[PDB]
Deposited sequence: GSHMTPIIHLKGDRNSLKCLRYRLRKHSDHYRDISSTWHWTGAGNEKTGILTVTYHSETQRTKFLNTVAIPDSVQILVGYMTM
């Protein structure tokens, strides 16, 4: 139960519009979260993956705006 993920951080509307784009080819990830945040003016997009291979591909072929920050990690 160690899921590979990444956290995309940046403007809330920006992350939302990005999600829209990431979801055009939903085969490169398991699922994407709604645009959330901690209760900070920035938002957060959570993306999970079925495997290191799937996540690895995503990071090699998916364009993330320089405005968005990328954080690689895991959850349970």
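> What are the unmodelled segments when the structure is compared with the full deposited sequence, in sequence order?
Replying inline: Deposited residues absent from the model fall in 1-2, 42-45, 83.
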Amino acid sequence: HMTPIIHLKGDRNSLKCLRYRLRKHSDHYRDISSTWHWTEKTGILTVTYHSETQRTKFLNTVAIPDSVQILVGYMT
From here on, numbers count along this sequence of modelled residues.
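> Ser26: which third of its chain by C-alpha temperature factor?
Replying inline: As the PDB entry reports it, the C-alpha B-factor of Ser26 lands in the highest third of its chain.
>> Going by the CA temperature factor in the PDB record, which third of the chain does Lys41 belong to: lowest, middle or highest?
In response: Answer is highest: the recorded C-alpha B-factor places it there.
>> What third of the chain does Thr53 rank in for C-alpha temperature factor, lowest, middle or highest?
In response: It belongs to the middle third of the chain when residues are ordered by C-alpha B-factor.
> Among the chain's modelled residues, which third holds the C-alpha B-factor of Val68?
Replying inline: Within its chain, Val68 is a middle-third residue by C-alpha B-factor, going by the deposited values.
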